[PDB]
Amino acid sequence: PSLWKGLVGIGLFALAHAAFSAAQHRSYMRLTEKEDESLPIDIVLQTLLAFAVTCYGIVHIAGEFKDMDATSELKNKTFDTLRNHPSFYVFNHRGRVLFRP
Amino acid sequence: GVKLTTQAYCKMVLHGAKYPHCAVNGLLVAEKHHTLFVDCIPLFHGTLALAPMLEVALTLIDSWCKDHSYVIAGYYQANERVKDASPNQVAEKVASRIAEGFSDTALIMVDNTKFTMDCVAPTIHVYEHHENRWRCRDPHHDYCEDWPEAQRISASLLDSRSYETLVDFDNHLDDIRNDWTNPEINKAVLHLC
């Protein structure tokens, strides 16, 4: 139902938070002038999890497939609705008499 | 007179009212005044000038009536125009076909002008087979077993919007699980007297 929208929103928010955290960590590291290139593992895990969750959630809202067989939706069509022509309607019948003559 | 019963009249009115914009027709059976009818079976609505489905329905209904010791004796039709109440070729052909197996068969035409909500008249024209033609035997007669009860029951059924459950032979052909004997209408007319 509508839970997939919440799931994808949560995933996007988590990805944005991970981005902000990585940027802040890089800005702090450039101050201390340390050439160790220390990337925390928790940030990588968080961003990978958020990306996976977001992709899984967004794959379920793109829509639904439909059969390509042209004779698939006419299995339930009946001749009652096929003989009605809206352009040639005429209002001269007993329906007027029955209801408030 | 033919002295139509109450069930046949009520079912005929309901079938005529279910599809106001179309033309409907059915069958009348009698037990094996003059000839008392028992009930009616609605056959078709829409386009009526086609042979095969009419033949299949006639055969099935004839076999069913033969099983329960009945006989097809009447044919009722209602046109589409509000100012048209005369028989056409299809009705004459079917009535002539029926007449060869049962004498003094009836050709009933529904009159759209008198198709009022509760009742103003029996709104029925009865035609009898004289030589090779049909004549309107209408001496302002009363072609009902008891007019007041019949009109009261028909008015109550029409007011109750009970025509949404009536099923004819066309709906049976669309889906086999439907029933063209209409037990619900029989129960309703038995309870409501």
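Residues numbered from 1 in each chain as written, not as in the entry; some residues may be left out. Chains lettered and ligands numbered in written order. Part of a larger assembly, values for the part shown. Heavy atoms only, no water.

- In its metadata, the entry names cryo-EM as the structure determination method and reports 3.4 Å as the resolution.

## Quick word on the overall build of chain A
Here is step 1 of the chain: Each helix and strand in chain A was counted, giving 4 helices and 0 strands.
Here is step 2 of the chain: Helices and strands in chain A line up, N terminus first, as α-α-α-α.
Here is step 3 of the chain: Relative to the compact-globule value of 13 Å for 101 residues, chain A shows a C-alpha radius of gyration of 30 Å, a clear excess of over 25%.
Here is step 4 of the chain: Viewed in the frame of its principal axes, chain A has a C-alpha envelope of about 95 × 35 × 20 Å.
Here is step 5 of the chain: Taken across its 101 residues, chain A has 14% of its residues classed as buried.
Here is step 6 of the chain: Per element, the accessible surface of chain A, about 8,900 Å² overall, is 65% carbon and sulfur.
Here is step 7 of the chain: The positive charge centre, built from 11 side chains, and the negative charge centre, built from 10, are 22 Å apart in chain A. (Helix = DSSP H or I, 4+ residues; strand = E, 2+ residues; numbered from the N terminus. Rg over C-alpha atoms; globule rule 2.2 N^0.38 Å. Buried < 20%, exposed > 50% of the residue type's maximum accessible area, 1.4 Å probe, protein only. Areas by Shrake-Rupley, 256 points an atom, 1.4 Å probe, with all protein chains shown as cover. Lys, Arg positive; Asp, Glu negative; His and termini not counted. Charge placed at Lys NZ, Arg CZ, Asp CG, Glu CD.)

## Some details on the overall build of chain B
Here is step 1 of the chain: The helix and strand tally for chain B stands at 6 helices and 6 strands.
Here is step 2 of the chain: At 15 Å, chain B has a C-alpha radius of gyration in line with the 16 Å of a compact globule built from 193 residues.
Here is step 3 of the chain: Across its three principal directions, the C-alpha atoms of chain B cover 40 × 40 × 35 Å.
Here is step 4 of the chain: In chain B, which comprises 193 residues, the proportion classed as buried is 50%.
Here is step 5 of the chain: In the form shown here, chain B has an accessible surface area of approximately 9,600 Å², with 53% of it arising from carbon and sulfur atoms.
Here is step 6 of the chain: Each charge sign in chain B was given a centre, from 17 positive and 27 negative side chains, and these centres are 3 Å apart.

## Observations regarding the packing of aromatic side chains
For any two aromatic rings, the description comes down to two numbers: the centre-to-centre distance and the angle of the planes.
All names here are of chain B.
Here is step 1 of the chain: Enumeration over the complete set of coordinates arrives at 4 aromatic pairs over all chains.
Here is step 2 of the chain: Here the aromatic rings of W64 and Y70 are separated by 6.1 Å at their centres, their planes lie at 5°, and the arrangement is stacked.
Here is step 3 of the chain: A relative accessible area of 22% means that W64 is categorised as partly exposed.
Here is step 4 of the chain: The exposure class of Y70 is partly exposed, given its relative accessible area of 24%.
Here is step 5 of the chain: Considering the side-chain rings of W64 and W180, the 5.5 Å spacing of their centres and the 85° angle between planes classify their relative orientation as edge-to-face. Here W180 lies in the loop between α5 (169–174) and α6 (183–191) and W64 lies in helix α2 (residues 51–67), a separation of 116 residues in the sequence. (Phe/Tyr/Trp six-rings, centres within 6.5 Å; stacked < 30°, edge-to-face > 60°.)

## Points about the pattern of salt bridges
Residues and elements named next belong to chain B.
Here is step 1 of the chain: One pass over the structure, following the stated rule, counts 6 salt bridges over all chains.
Here is step 2 of the chain: A salt bridge links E131 to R133; the nearest nitrogen and oxygen atoms lie 3.9 Å apart.
Here is step 3 of the chain: Take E131: its relative accessible area is 44%, and that puts it in the partly exposed class.
Here is step 4 of the chain: Overall, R133 belongs to the partly exposed group, its relative accessible area being 47%.
Here is step 5 of the chain: Across the pair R177 and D175 runs a salt bridge, and its minimum N-O distance is 3.8 Å.
Here is step 6 of the chain: Look at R177 and you get exposed, because its relative accessible area is 76%. (Salt bridge = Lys/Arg side-chain N within 4 Å of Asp/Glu carboxyl O.)

## Focus on the pairing of strand β3 (residues 70–78) of chain B
Residue and element names in this part refer to chain B.
Here is step 1 of the chain: The element β3 is largely enclosed, with a buried count of 8 among its 9 residues.
Here is step 2 of the chain: Two strands pair when backbone bridges link them, and strand β1 (residues 24–31) and β3 are joined in this way by 6 bridges, in the antiparallel orientation. Pairing of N25 across the sheet is with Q77, part of β3.
Here is step 3 of the chain: Two strands pair when backbone bridges link them, and β3 and strand β4 (residues 106–110) are joined in this way by 4 bridges, in the parallel orientation. Counterpart to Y76 in the pairing with β4 is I108.
Here is step 4 of the chain: Handedness of the crossover joining β3 and β4 through helix α3 (residues 89–99): right-handed. (Pairing = 2+ DSSP bridges. Right-handed = clockwise from strand over helix to strand, strands pointing away.)

## Observations regarding helix α4 (residues 147–159) of chain B
Residues and elements named next belong to chain B.
Here is step 1 of the chain: Given a rise of 1.5 Å per residue, 13 residues ought to cover 18 Å, and the 18 Å separating the end C-alpha atoms of α4 matches this to within 8%.
Here is step 2 of the chain: Buried within α4 are the following residues: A150, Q151, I153, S154, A155, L157 and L158.
Here is step 3 of the chain: Positioned one or two residues after α4, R161 has a phi angle of 55°, which is positive. (Expected span 1.5 Å × (residues − 1).)

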